[PDB]
């Protein structure tokens, strides 16, 4: 059962690091508010209101233990273990031309998922395909999923590898895979 706990804690790490990451934090009004009141410190009481974390755990001890063993070294834990924050060692990148051009060059468009596909289905599908930093499910005005996504890879190398892999499928369907540069 120590095995299941370790796997649970990896997920908790990944989820919280996403929330405070480069691809969510700057567009996350609710998280931004909480981050201004203390020196970046946000209480665990408030973090467990985030739905994906909430399904993983509501136990403070499990979250604190997860982030202590994390290899990303993004999150710090307060002295009293009640609050977490993004390390002042990891500032948010200034959104420059260089930065956005660098993100664009490793961002990929994929179309051909079923419209009833969930984020968890897509994540499962992307597991062996390279380090992915963001998944954006493209939606209509009324919030129906189109069956296309934008994915941001860690490096152009890992994006290129993926884009150049021949006949990629989601179960049944052939996928259209394009650099976001090539999509309009």
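Positions refer to the first chain, counted from 1. Under this definition, the rigid core comprises the largest set of C-alpha atoms superposing within 1.5 Å between the forms.
Taking C-alpha RMS after core alignment, which stretch differs more from the shown form in 5 other deposited structures of this protein: 8-16, or 168-176?
With the rigid core superposed, the C-alphas that lie farther in 5 other deposited structures of this protein are those of 168-176.
Core-fitted comparison in 5 other deposited structures of this protein, 25-33 vs 41-49, farther C-alphas
This comes out as 25-33, the stretch further from the shown form in 5 other deposited structures of this protein.
State which stretch shows the higher mean Cα B factor in the entry: 122-130 or 50-58.
Averaging CA B-factors over each stretch, the winner is 122-130.
Please compare 38-46 with 137-145 and name the stretch with the higher mean C-alpha B-factor in the deposited structure.
Higher mean C-alpha B-factor in the PDB entry: 137-145.
If you check the C-alpha B-factor for each of 174, 9, 22, 17 in the entry, which is highest?
Going by the entry's C-alpha B-factors, 174 comes out highest.
C-alpha B factor of residue 104, ranked within the chain: lowest, middle or highest third?
Middle third - that is where residue 104 ends up once the chain's C-alpha B-factors are sorted.
Could you say whether, by C-alpha temperature factor, residue 76 belongs to the lowest, middle or highest third of its chain?
CA B-factor rank for residue 76: lowest third.
Ranked C-alpha temperature factor of residue 93 among modelled chain residues, by third:
It falls in the top third of the chain.
Consider only the C-alpha atoms of the modelled residues in this chain, order them by B-factor as the entry records it, and name the third containing residue 152: lowest, middle or highest.
According to the entry, residue 152 has a C-alpha B-factor in the chain's lowest third.
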